[PDB]
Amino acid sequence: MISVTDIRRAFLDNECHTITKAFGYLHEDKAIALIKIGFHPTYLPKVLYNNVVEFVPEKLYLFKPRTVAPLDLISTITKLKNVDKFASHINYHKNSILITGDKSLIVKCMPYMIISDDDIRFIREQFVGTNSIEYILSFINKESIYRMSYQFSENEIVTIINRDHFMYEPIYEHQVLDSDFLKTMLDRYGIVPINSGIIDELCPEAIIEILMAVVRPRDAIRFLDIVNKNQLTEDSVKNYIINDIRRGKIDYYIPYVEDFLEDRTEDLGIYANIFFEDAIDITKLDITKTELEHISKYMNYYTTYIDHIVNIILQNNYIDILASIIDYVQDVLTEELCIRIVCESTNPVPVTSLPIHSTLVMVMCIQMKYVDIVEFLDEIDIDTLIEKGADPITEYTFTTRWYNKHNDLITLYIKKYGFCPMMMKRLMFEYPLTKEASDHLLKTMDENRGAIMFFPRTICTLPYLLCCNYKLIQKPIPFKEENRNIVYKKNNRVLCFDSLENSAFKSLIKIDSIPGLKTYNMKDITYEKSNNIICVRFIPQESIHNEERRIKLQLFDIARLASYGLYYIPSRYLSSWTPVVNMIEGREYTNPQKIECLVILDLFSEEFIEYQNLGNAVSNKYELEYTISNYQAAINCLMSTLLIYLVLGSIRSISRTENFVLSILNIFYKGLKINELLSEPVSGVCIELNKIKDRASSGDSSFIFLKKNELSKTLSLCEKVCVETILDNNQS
């Protein structure tokens, strides 16, 4: 459990109403320490302003913009790369920032400043004679344009659209543009010319093509309005719009239909009533499932016929359609139907939209992993929820008032997250707790110190172990004298490096010193130098012919290298998958959307990085918001490699998937020198894996596509292997 002694002392001895207020009564030294690591309220009292400016300036945004001094603000954001959090400060002090005349400063601040016609006059004054005017203005935001009278020149508009393509949207509805300029922007940037500057009469084909290309409904409306002022609308255009309405594209055309298609309501059929109140009696029409899907978003126009529609839905078992109109059928929903919806619908419905909150409905929502199970507490007590397997501590719950209505939910929040600084920060500071709720929270955490509240399941979960802030101990490399009968390639290989300090060079040499590797072996290493450059000549191990054996033996080597402090970032397979970050922040995580390879390459192709530099390499490779430790980066690399070797390895495997998962994960243990065998149930994992295996033959693509939440059991097994990796490391 996170310690709360000091902040609870502050909360009680000053009779605060919120933990935010109590934070301000901490000793300035403790407050500043907490502020540095991000454990702070959303704002700070003025007494701390000088300490923040001196000791942690990047956190000045925690003061009201009026409280911050323009010099302090400008000194801070000059140093920072990301100033998103200073947006309201930057806007409030825009005049101070303009007066500086600093090109780099102004350009960094433009996306957050609401720029006025006067401000534009100041920029053209301070920068006349330089390339900078069209450069500075190219960083303007859509908010400035909406409130602006100024009109961009064409050069400005190009510079702006080169910097951010979709800035054409505010520009195109801000000002009248030359019609040849609109054509040039279409031929060259593919921008659809939706602007009042359209002057030439367009052929029926041209109108149909522009409609087929627009995406936002407001652009279709605008286009048609402009065009109708230039020319009459053809029967060819009218026909396409009716057929587009039949394809579900409705919002695009509501003004148009109401003004020009009044005499085509029989062609519009069931859709006509969206445009003309009760225009067609739909009971006399043959209604298709597709037509009901399209009008589901438009049911407020079919309330005259709501019974007929509901009846078609129930008679044809259109449960997804029933779910999509659930707000209109509250009176019809029996417990039986409520259950059907929960089990059969593609996407969940809100528990508040189910009028029946029986235990039976609740266990179906638990089975379907509904995120809003807490809403059954109007009928069912928290103990029955927990006994029946509910987890009400979700993101959904945080958007409700339930934490103030029920101190048992705050206790459950602590049991799930009391060790997790980011999640406790969120409840302590970013949730509108009551005095009594705030008191219960700090009391419960203070009287349950240590690990007792997380025993015996949570203390052995990966997120819990990531927040103990352990270390992975590296083992020293044993003496090597290679006696094995290794088959080497009949050709040598040369790798060159800019210097001998090169970390990749240093790890290649270290890996050569490591005994007992199965795939990463090298013969007859010679050196050649040219000033700083160092080249390594060597004869690589011949590749293992059996692909399944090769993949198993590569994971052994990965485990053995990790035990000695050498890791690799699997970014060629999972370019953005950092589940460790989710875990230490208390956020749920799921599988990546794809594996960017089909073939597991040999380990010679990867760059192995020292543990001591791993936190920095991982955070840079994945462009993380903040730098994670070497420990947490090591866990991410293992989690990534395990997922890749299980999924990709399965695909290329010829043995029974149950024996593959069990033997390659035991192979991983052996590389770690863990003497106990892995013995986990893999039946549920193998069903997930075999599904993906079957798409990989049918797909025929350059990547392996993974469906959302398809690998939950495989991920819990990757987690369990990492947990055992950490616990065994901590015994040594």
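So that there is no doubt, residue numbering starts at 1 and follows the sequence shown.
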Worksheet, complete the sentence: Averaging the C-alpha temperature factors as deposited, the higher value of 262-270 versus 465-473 falls on 262-270
Practice prompt. Using the B-factors recorded in the PDB entry, average over the C-alpha atoms of 404-412 and of 521-529, then report which stretch comes out higher.
Written response: 521-529
Discussion item. For the CA B factor values reported in this entry, which option in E293, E336, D391, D281 has the top one?
Written reply: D281
Worksheet item: Which one, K670, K59, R695, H40, has the peak C-alpha temperature factor per the PDB entry?
Response: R695
Fill in: Assigned third (lowest, middle, highest) for the C-alpha B factor of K510
lowest
Item to complete: Using the B-factor values recorded in the entry, state whether the Cα atom of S138 falls in the lowest, middle or highest third among the modelled residues of its chain.
Response: highest
Discussion item. Using only modelled residues of the chain, where does the Cα B factor of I687 rank: lowest third, middle third or highest third?
Written reply: highest
Worksheet item: Lowest, middle or highest third: where is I99 by Cα B-factor in its chain?
Response: highest
Worksheet item: For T725, does the deposited CA B-factor place it in the lowest, middle or highest third of the chain?
Response: lowest
